[PDB]
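Q: this one's structure only:
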Ligand SMILES: Cc1cc2nc3c(=O)[nH]c(=O)nc-3n(C[C@H](O)[C@H](O)[C@H](O)COP(=O)(O)O)c2cc1C
Ligand code: SF4
Ligand code: SF4
Ligand code: SF4
Ligand code: SF4
Ligand code: SF4
Ligand code: FES
Ligand code: FES
């Protein structure tokens, strides 16, 4: 019962409930 | 003259030798095949070349067994 | 990547003329001691052969690969 | 695999000690190779003595000289390795 | 089943090619 | 697994995430750890596939661009996974599971039915461009063995007739019933079930002390 | 055997709301704060006493596995990876948990992290299941709304941020070192084990991987205690497990029954019965395609627990029972599983790459019967070359079905050998 | 301190922490057979042709990979570690195209020798072989990649020693081909080293395609004059004309690599 | 039979020649194939061991039946690729019959 963009959009919404992620500390591996 | 055109020259110091004494696959049709890959015993098995499998996968190029120089047309 | 030919010391005589042969184009050499390469197990013994035979020598120190630290885990480090 | 007969490996080894004891003076090394052959090694001075004992000893008569050869190991200080094979 | 001597020669080419001097005088 | 320039598929082919898509793209980026964007290539590559099924060489180049990774890095990811399609696919891309559980229960027959109706062989696409048939491997959901995933629809427990019927709905009209087409309740035993009859135990029921 | 009163997963086969409201009604998220408050230690004692074995392909003591990454943080965030890829053929086991009782998974992940200090957990549901994930994603959103997950989970200071990652149709993605690389965004090729995942994992940070069933049961076990779980089984293979029966049986279904139950009973009490009568059983695949099939005479004698199966030379694995009546060409049945593995192995290692393709070519000839009888033990020898030399276990897995076919069905393959030779 | 004591067959070669199984064998003096491992390239474990048998252990270990631990005995010439090589060499050779009299890495093959020394006397692959499609990687390297043993040394060098990061693996299964997905030439200095580093003769040098064969080449050790790094090099001369210049190792100046210009 | 010379210049006939008789130097023919620019058997150096017959993978170099090739001058005995290829064309029918008779044995 879901359109192709159901998941990603849901994930975009999930952002309102997430801490700032941590980082390795480099520009690019 | 010869295969790799050996031409002892008009000025060479070796053309002296012959004085008084004397010195095909492109024509081969392209073997059409059905399979993506094909073998090439060279023809006759033991009396041919170590068998290799050629990838006639691109019509762009007719695989050429490095031993017979036979082009195969997918 | 095999290292079994980097084990024993060899002393090799200096290279000399290799002119083309006119009749067949084969390489031709006038130096007898060209193809001769004697194999000696240790640097000291090879130096001795040169001194008693009277040939001049210029020894080159063996250079062996330096130890290199490797570990599969290290490259998995996103940090670096 | 070659048909090794241990019966030999032992008997020849035993002779190798026999000779080593009989001529402690010149024998430096003695070994029976896995190819079932004995190769007493002697100081150069023991050439005359070791051969004579083998040519004229009841328990080891080695009457004929199969060959005398000299490998040349240039690395070895003593370049030549005179080898005498006896039957 | 029911003059012609083979003269031997090298079949390779010139290999090392020398620099032709410039025919333009200077 | 090699790509060759063709007018239909080339970097020339135009691809750019819809203003809406680009939005999605970042949502992906922060889900992953900070300082880490490369990890999002797959999820992103998936949205390029969501945008367009073809996903040509141009699209992968953009993915690498948006994700600032070695382009090859994206090319390797696209080639390794079957989910991504580097060639245009039909509207449905019917995928029949033909591995042991499904082989058992005659998945092949279902394949035959599908092929017949589509009038096309497996691994071939109808000219209508609505159907593309492929013999995919275990898609999970084996208890329901006869099976044919259609763009995630994951129809299950299907008998040949049902398959053609499903194609019928797709061929002309709305989608068929997403999910299985049998009496079994989910993966309950075919005729009813013999477990979990008791009403759900109360919260705190038999809770280990402290 | 097992009573509804004594069941870990109590929402199977739907029939109930998969949402939080229904899950709460069922009794999920109970005193979760207290659990976390008990302290990571308390949770691992629970798991340890529980004797919960890994419900994944290979069962490793859950307690020890989780314990490893319980060592002090070295300044890198520890992580949780929950493999929701139902790759093993014949295994719809996990799909049920997420689709029907997802919130249990959510809480499990939270409890999971508390056990190992994971700031966050990433759930890799196979991309094939697009529909499945959405549901799970929805539930997760709700839990954040409830405060269940997110900062100060359930009020407990612990902060956990759960994610869902898209798989892309690869069985190997399932592998523990390879799930990580897919999470990392590189090609899904299993890394080596010597730097174990605990020490180095996803994004090079301490990481642990669990079968979704393993993560899901940890909260119930924590709340209901270790002893409860311990009692249901024998020695190590101790616990409630979802067993799936697919193929040649009256009613294919995922029972959920307790472990160490007679193969016969499992397929008898549930699963109706072997289609066509128990005697119409050419062979049973107990743990899925990777595990060797066992023929009928051995089967009822043996029961489904990992210790008993290893005695039997087969693996409990995902406990996916695939059954083959006397109406099947096993030579072709196992042959497609080798075709299942040539279309799927990563090709990173030499023994699996060429070896699995080599067995596929020989197996196809074996089904035709073109190959001579001497080739059959040749495949034996090719099989063990692959078994001990592979970088990951899939080469381990490809060799076992081949070994099973030669071990118990050697006369049948010889006849297929004979059949072709006769018609010339 | 920091000297793990491990026995390579009983030699107790005390090694520093983190020494890989292979490294210990080197120190004791042995050389574990190996296809995917290059000293100055990252360990990958692709070939697993180096499987050895640490004593009292159920499975054989990957030499290039296992950090040796304390008390281990790396039995190298055991009855097991030879079936672990007699059976790998069975596989590398199975999909290999036998054009050794085409492969100009004829005597320069780390796969025939290892076969002739760690392999089996005969083949059992009665099935058919595979073939890949030769592509263009440039005007210097001839990639007859049907030869490739998927050892991923190139993909490493092309990323780790040189920063090209172009060459990559494409696909899975027995048709993983390690060639550029789109045909973009591998244009970089340090390019020709791939030839020297691919032990197979899949990609070799196009100018020195078929002019010689290594046993004949007389090898004189000399110095690079094209650039001022003065990289050490070996000039391979046959019958008096130079046929190839390939690197010879100098730890400090060119450690096994030479420029595209000076070869 | 097509007309493409069998030799592909692997040059191991040169390697196993006990007398150093065969000299081979090669370069890729424009076709891209691999062929020998110069193949010189010095018959006076040759001791007719027949190992070259043995060693060749494509069996391009064969020991032909003719034994009567006595020559007035020493140079004639040295043979380049053109004489041997010409020798091959003249005796191919019998060489093929001879190899046909003995290949099962080898
Ligand atoms: C080829 C291959 C595929 C695998 N697929 C899965 C899978 O789909 N799901 C899974 O849980 N484990 C899978 N595994 C096993 C995992 O790598 C890991 O051992 C397991 O998930 C650990 O879970 P547990 O600790 O909860 O038992 C696979 C292993 C291999 C070698
Ligand atoms: S076995 Fe080797 S090849 Fe097969 S999957 Fe594991 S790693 Fe990739
Ligand atoms: S690489 Fe070239 S030489 Fe080495 S084996 Fe394969 S073909 Fe023969
Ligand atoms: S090309 Fe040579 S190096 Fe690159 S992978 Fe294939 S074999 Fe290893
Ligand atoms: S003759 Fe036979 S062997 Fe001598 S080079 Fe030509 S092919 Fe190789
Ligand atoms: S016969 Fe062939 S091999 Fe024997 S010597 Fe004459 S040429 Fe060399
Ligand atoms: S095999 Fe088709 S879904 Fe289980
Ligand atoms: S060298 Fe040990 S794995 Fe390749």
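A: Nice, thanks for sending it over. Residues are numbered from 1 along each chain as shown, chains lettered A, B, ... in the order given. Ligands and ions are numbered 1, 2, ... in the order given.

Q: Can you tell me the closest non-neighbouring residue to residue 26?
A: Since you didn't name a chain, this refers to chain A. Nearest residue to residue A:26, sequence neighbours excluded (C-beta to C-beta, 6 or more residues apart in numbering or on different chains): residue C:79, at 6.1 Å. C-beta coordinates here come from the backbone N, C-alpha and C atoms, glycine included.

Q: Chain I is the one I meant
A: Per C-beta to C-beta, 6+ apart, closest to residue I:26 is residue I:9, 3.6 Å.

Q: Now do the one you found against ligand 1, distance only.
A: Separation of residue I:9 from ligand 1 (C-beta to the nearest ligand atom, to the nearest Å): 46 Å.

Q: Touching, that residue and residue H:209? I think so.
A: No: using C-beta atoms under 8 Å, residue I:9 is not in contact with residue H:209, being 10.6 Å away.

Q: The two: which has the busier surroundings?
A: Taking other C-beta atoms under 10 Å in any protein chain shown, residue I:9 and residue H:209 do not tie; residue I:9 has more neighbours (27 against 17).

Q: mind checking which helix or strand the residue nearest to residue I:26 is in?
A: Under the criterion DSSP states H and E, no helix or strand holds residue I:9.

Q: Report the contact partners of it.
A: If you count contacts by C-beta atoms under 8 Å, 6 or more residues apart in numbering or on different chains, residue I:9 has them with H:210, I:24, I:26, I:34, I:35, I:36.

Q: Among those residues, which one lies nearest to chain B?
A: residue I:34 (6.9 Å; C-beta to the nearest C-beta).

Q: ok, that closest one - how many residues close by?
A: 21.

Q: One more: residue C:67?
A: So residue C:67, with other C-beta under 10 Å, has 13 neighbours.

Q: Does it fall in a helix, a strand, or a coil region?
A: coil (DSSP: H, G, I helix; E, B strand; the rest coil).

Q: Name the nearest residue to it, ignoring sequence neighbours.
A: Closest to residue C:67 by C-beta to C-beta, 6+ apart is residue H:23, at 7.9 Å.

Q: Where strands are concerned, which of the contacts of residue I:9 count?
A: I:24, I:26, I:34, I:35, I:36 (DSSP state E).

Q: Quick one: name the residues of chain A near ligand 4.
A: Neighbours of ligand 4 within chain A, by C-beta under 6 Å from any ligand atom: none found.

Q: try chain H
A: Looking at ligand 4, the residues of chain H close enough under C-beta under 6 Å from any ligand atom are H:148, H:149, H:150, H:151, H:152, H:153, H:154, H:178, H:198, H:200, H:202, H:203.

Q: rerun that using 5 Å as the cut-off
A: H:148, H:149, H:151, H:153, H:154, H:178, H:198, H:200, H:202 (C-beta under 5 Å from any ligand atom).

Q: From these, pick the one nearest residue F:162.
A: residue H:178 (44.9 Å; C-beta to C-beta).

Q: mind listing the strands in chain D by residue range?
A: Going by DSSP E, chain D shows strands at D:27-29, D:41-42, D:65-72, D:80-86.

Q: ok, the residue nearest to residue C:67 - contacts?
A: C:67, C:70, H:15, H:68.

Q: Just the buried ones from those, in PyMOL syntax?
A: Selecting only the buried entries of the contacts of residue H:23 in PyMOL, with 16 or more other C-beta atoms under 10 Å in any protein chain shown as the criterion:
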select buried, (chain C and resi 70) or (chain H and resi 15+68)
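
Q: farthest-separated two in the contacts of residue H:23?
A: So, these by C-beta to C-beta: farthest apart are C:67 and H:68, at 13.9 Å.

Q: Could you count how many residues lie near the residue nearest to residue A:13 when sequence neighbours are not counted?
A: Setting aside the residues directly before and after it, residue A:13 is nearest to residue G:141 in space (C-beta to C-beta, 6+ apart), at 6.4 Å. Look at residue G:141: counted by other C-beta under 10 Å, it has 17 neighbours.
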